[PDB]
Structure formats: C-alpha cells, structure tokens
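There are 2 protein chains.
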Amino acid sequence: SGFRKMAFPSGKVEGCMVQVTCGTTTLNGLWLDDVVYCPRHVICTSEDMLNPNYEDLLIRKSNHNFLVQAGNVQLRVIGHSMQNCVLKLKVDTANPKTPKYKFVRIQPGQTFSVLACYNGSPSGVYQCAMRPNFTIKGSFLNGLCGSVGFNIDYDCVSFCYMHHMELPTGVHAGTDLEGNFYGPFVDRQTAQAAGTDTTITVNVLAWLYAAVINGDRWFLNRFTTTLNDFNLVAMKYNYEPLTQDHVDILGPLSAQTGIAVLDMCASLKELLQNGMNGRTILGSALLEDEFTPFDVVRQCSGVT
Amino acid sequence: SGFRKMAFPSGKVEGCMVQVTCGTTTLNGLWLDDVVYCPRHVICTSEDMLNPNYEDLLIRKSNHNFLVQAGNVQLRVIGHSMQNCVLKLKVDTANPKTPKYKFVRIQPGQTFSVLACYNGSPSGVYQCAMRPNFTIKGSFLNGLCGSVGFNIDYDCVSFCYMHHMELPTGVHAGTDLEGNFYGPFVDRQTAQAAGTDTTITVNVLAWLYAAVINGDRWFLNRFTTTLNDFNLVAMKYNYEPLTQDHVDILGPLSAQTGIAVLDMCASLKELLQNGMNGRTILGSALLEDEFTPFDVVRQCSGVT
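As structure tokens, this is what we get:
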C-alpha cells in the first residue's frame, strides 16, 4: 500500500534532450528522428521578448546560427522552420535513441510527467496536471524552456507539452509539440490572465477512492446525493461539474471499493462544507485534484 | 519559480533493473557489472515468510534455481551468496549499461529517488526521505521488492536503498545495498514497530525558505527565538532538536533570503502553536519535512 505522486521513468525522454543556442539565448530542444523541436523564443534577445515579431526575427537567422548540442557533440543543422510557437530544426543525423513516440494534445484534467532540463541536461522529473484553465503548477526557471511533458504506454512515449513561460500568478504555460499553446496565452513578456482555476472534481473523487483503498476512510459519511445537487455545491467551490461520463470513468474504483460514486460525492460535499477539521487524507490536509482515475488504478493495481 | 517534489532522472537506473525469480516468487534485482543484487526473501514461499531460516532455505538453492531476466534475455548465474539481507548473484555477463555508482548508507533526514519497478519493468519514480525512525512513506506492492532508492551527482549514481517490506502502519522498510536494514527491522512477516515518527526540523525550515524564495511570506512574523527556547517547543510537537550544524546547513538559504535562522524558527514556532488558519504554503496545508536544504538550493538555483 501507499499512494504517491509519481512520474513515468524518464530514460526514453532523457535520450532525446539537446541544448539549442541562438545568439546568447540557450534552452532545451527535443531531438526525434532528424528533427529538433524547441521554443521559437530561442531567437529573441531579452529586449525582443517584450514584443517579438517572430516572422521578422527568424528571417535574420540562418541554419548555422542555431547551435545544437547533444552532450559534447554538435549536430549539423540543415534546415529550419517555424510551426506556430515552435521551431523545427532539421539536422543531418537521426537520433539513434529515438523511441516510438507520438504527439498528442492533452485534455484539461489529464496528467503528465515533466522532465525538467537545464540547457540540455536532465535535472529531475515530476507529475503535473493540465489544469482546467490550461496552466500547470510546475517548477521552471530560465534555462528550463523546451523541457517536455509526456506519458508512457509500455514502449510508446506520448509527448504532450513543451514549456515556454510563467504567468504573474507563478503558474506555467506552454504548447503541444505542434507549438499551439494550451489556453489563451502568447509567447511574449506581457501580463496575461489564466482566469479562474477550477478544481478537477473527477480527480478529487479518484483520490478519495485511492484513500479508501489505502485504508483511510474516516470521511465516509451516511449521506448520498444527486449530480444536480452535488453540482450546485460544486459551482459554489469552483469545482468542475460532475457528468455521467465522470461517473462512468470512476466505475472501476466504485466497484473495487463498493462505494457508489454519488455516496462518495456526498462525502466530498461534507468535506467541502465542513473542511477537514485538522485531519489528513493520504497525508494531505487539502483535497488533491492532480490524480486521474487512471493514475489511481495504475498505482493501486501496480502491475506492469 | 515554483517548487515541486522532484525525483532524479531515472534513465541510468532503468538500465540496471532485472527480474529475479526463484520458484514462484518474482521480484527486482539490480544488475551492476557482473553482479545482481536482490532481496534474499526471493527464496521464500509464502509459508516461509512467516519465520524464514534463510541459511537453511538458501542451502536448498543452486545457481540454476535463480532465473534472471533483463528484458526478454536470460542471464547465466554462475555464483550466489547471501550478504546480510541481500543475495548477490554472480552472472557471466557484465551489464553494458552499468553507470558509475557507489553504495552509500544514507543518514536519517536525507532524501532519495525511488524507481518503483514491477518484476523487472520500471513503473515510476518519486522522492522519499529516510524518516528519523528509518522508515519511508512510499508506494509498494508485491512485485516491487528490489526496487531501489538513489541519488545522482552529475554522472555518479549513489544507491542507498532497496525495498523489502511494509509495516502495520503502512510505512516502508528496507536495506542499504550491503543488505543492512535501516532501523530495527528484520525480513520476516511479523508485526514490527518503527516507533515515534519525528519531524525533520531542518527540512521544515528549508521548505519555509523555499516558500519565501517563491513569494509565499504571509507567515513571516515579528518574533525571534533561541535554540533552547525553540527546542522546548520542538520536543512538544515531536520535532527533531535543532543544532548549530543545522543552523550552518541553512546558512545559504538564510543569506539568500535575508532571514536569520532563529527568526524563521520563531515563525515555525507560531505555525506549530497556532496552526495555518486555513492558509497554504507552497500549496500544502501542513508543514512539509521531506525537502533537504540541498534539495531546496538545487531547485531554486536550478542550474545543472
């Protein structure tokens, strides 16, 4: 037993991280087959970042102005292009460590592992959720742009996120691997609003099931509720509305524990209205919303 | 900015994980040079585990009774021996992925990354502290024994932990790579007590510094204190006593923030006595003690 926020093993991704430099700006790129993907703001000076005209900036840059380095070894850049907010640098050498991969645009409420890297060197790994407002709560600094978020299904790496920026609230924003931002953000240094950060109700429920599975059950009350009833309470706390799809998705956990989803909702309702009274659930003193039902099943089942 | 519990990149360790099977018991082993290290209870049936005589059990086992598998490929076992609570299986093939490594016995209060593996297949990665009572709060199930805990310093992997068992409290126990338990535990299925789990005071302080660095400062009060004064309060809450060594270790963080260690102690004292009043610090509603000063510096500095 025990339940922990855990990231996917990062080995397959480590082997794809390179350092990309243009002028005095350095960040990370992702080397897959003969292409290196990186944030287009690698072409900006600190001045440019305030209001960059990327089309105009990129035109002053040739292949040889992009310095790409995997370990101590240079890659030869033989082409460049800009796709939305990412550059693709064609190199003359296919990464011999390229794993099977795809590019995916992840839905809000889903989770992924981030391999924090500094100027091409893997630094550490942790789990994030894509929040309903299309931000993540990460740990990023200068040099960590181009670090990627991914999931692994056996041998397939699904890349879903590349890091670009931080908002005034201290949360993080970035793109899929086609360079399209998650959320309304743009890659320039101006103040930008994410909007109200709502709680991922289905994830809270999953974690409450996790807790029950791992012996924590003090919060199981004698009440039930309905979706409409629970959702009237949800709105009040800026929880996402629960739908039947979410009910269905929790099916396996409901079965495994013998606790109806609406009974757990009633329990969640009393926690929201009455707080925790200084108690903890899976060693947290607030309601955790960054574990998906999959995340919970994967851990509690354990196998593979 | 932002502060996250993050594990070391796990690639170097992934390449050392193998599956060890003896009879119907399967678990993980660590393959370094021509040696595979695994928990000696791989030799037990479910019955034996209640009260195993390992010396007697091991004598019924020959080299060929240990099935060792890295991916789909068998290793040939050419020798076996028992060192404390681990078996060493000599194999005829040096692991070509062996990184530079050492074996270290970690101190209580220090942290490490765990690569959770299931029957030889890496599953995920997360950070643990070795608690003052020499337990860890992990996530482990059958099949995850032999999963290892480590730290990385540039290219050197320091292995410090191998997983063996779970205590009635749901916490975890294991050995160094010489097979010596952390704490008073033994590898048999009987009820065993860890004793009072004290809070790692120096780590709490470091995390409070992390918070200040990352903009959270509502808890900075107008008081100071002394070590003896603070330690009288520490004892009451089962915090570890603060010593000058801990003061010194916090030096870099004290300097970086301009907050004297004893001022932060005074702030910690008021948090202990008055609670959080429903507020959060780095998105937690309790006091976090699983980040070392190093962990905090490493993240906040970021570089390398």
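First to last, the protein sequences are chains A and A'. A prime marks a further copy of an entry chain.
Going by the deposited numbering, 153 is the number at position 153 of the first sequence; the sequence numbering is gapless.
Going by the deposited numbering, 9 is the number at position 9 of the second sequence; the sequence numbering is gapless.
No residue lacks a Cβ here, since even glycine has one placed at the ideal position from N, Cα and C.
Residue nearest to residue i in terms of C-alpha spacing, selected from the options
i: residue 26(A); options: 157(A), 39(A) and 275(A); result: 39(A)
i: residue 103(A); options: 74(A), 190(A), 3(A) and 32(A); result: 32(A)
i: residue 121(A'); options: 294(A), 267(A), 8(A) and 243(A); result: 8(A)
i: residue 163(A'); options: 53(A'), 213(A'), 246(A') and 41(A'); result: 41(A')
i: residue 253(A); options: 294(A), 55(A) and 229(A); result: 294(A)
i: residue 170(A); options: 88(A), 2(A), 137(A) and 36(A); result: 137(A)
i: residue 211(A); options: 227(A), 177(A) and 264(A); result: 264(A)
i: residue 107(A'); options: 182(A'), 72(A'), 93(A') and 168(A'); result: 182(A')
i: residue 246(A'); options: 292(A'), 232(A'), 233(A') and 276(A'); result: 292(A')
i: residue 48(A); options: 14(A), 188(A) and 233(A); result: 188(A)
Residues near residue i in its chain [Cβ-Cβ closer than 6 Å; skip 5 each side]
i: residue 353(A); result: In this structure chain A extends from 1 to 304, so residue 353(A) is not present and cannot be described.
i: residue 143(A); result: 118 and 119
i: residue 262(A); result: 224 and 225
i: residue 54(A'); result: 40
i: residue 44(A'); result: 52
i: residue 233(A'); result: 269
i: residue 168(A); result: 191
i: residue 184(A); result: none
CB of residue i within 8 Å of CB of residue j, strictly
i: residue 160(A'); j: residue 151(A'); result: yes
i: residue 98(A); j: residue 16(A); result: yes
i: residue 21(A'); j: residue 57(A'); result: no
i: residue 259(A'); j: residue 202(A'); result: no
i: residue 387(A); j: residue 133(A); result: There is no way to answer for residue 387(A), as the model of chain A reaches only from 1 to 304.
i: residue 193(A'); j: residue 135(A'); result: no
i: residue 257(A); j: residue 213(A); result: yes
i: residue 303(A); j: residue 209(A); result: no
i: residue 299(A); j: residue 3(A); result: yes
i: residue 166(A); j: residue 1(A'); result: yes
i: residue 113(A'); j: residue 10(A'); result: yes
i: residue 196(A'); j: residue 238(A'); result: yes
Anticipated Cβ contact below 8 Å, residue i with residue j, distance rounded
i: residue 126(A); j: residue 12(A'); result: The pair is not a contact, with the Cβ atoms about 18 Å apart (cut-off 8 Å).
i: residue 216(A'); j: residue 282(A'); result: 6 Å
i: residue 91(A'); j: residue 76(A'); result: 6 Å
i: residue 186(A); j: residue 268(A); result: That belief does not hold up - the Cβ atoms of residue 186(A) and residue 268(A) are roughly 36 Å apart, past 8 Å.
i: residue 128(A); j: residue 149(A); result: 6 Å
i: residue 285(A); j: residue 286(A'); result: 5 Å
i: residue 79(A'); j: residue 63(A'); result: 7 Å
i: residue 147(A'); j: residue 116(A'); result: 5 Å
i: residue 219(A'); j: residue 172(A'); result: The Cβ separation is near 31 Å, so there is no contact.
i: residue 74(A); j: residue 18(A); result: Not really, about 10 Å apart at Cβ, beyond 8 Å.
i: residue 111(A'); j: residue 290(A'); result: 6 Å
Neighbour-count burial assignment, residue i, 16 or more Cβ in a 10 Å radius
i: residue 235(A'); result: exposed
i: residue 154(A'); result: exposed
i: residue 240(A'); result: buried
i: residue 278(A); result: exposed
i: residue 222(A'); result: exposed
i: residue 176(A); result: buried
i: residue 46(A); result: exposed
i: residue 131(A'); result: buried
i: residue 301(A'); result: exposed
i: residue 30(A); result: buried
i: residue 174(A); result: buried
i: residue 200(A'); result: buried
i: residue 72(A); result: exposed
8 Å CB neighbourhood of residue i in its chain, flanking five on each side removed
i: residue 100(A); result: 155, 156 and 157
i: residue 180(A); result: 84, 85 and 105
i: residue 35(A'); result: 88, 89, 90 and 91
i: residue 93(A'); result: 34, 75 and 76
i: residue 65(A); result: 22 and 23
i: residue 61(A'); result: 22, 43 and 80
i: residue 14(A); result: 115 and 122
Cβ-based neighbour list, residue i, same chain, cut-off 7 Å, excluding 5 preceding and 5 following
i: residue 227(A'); result: 242
i: residue 230(A'); result: 242, 265 and 269
i: residue 251(A); result: none
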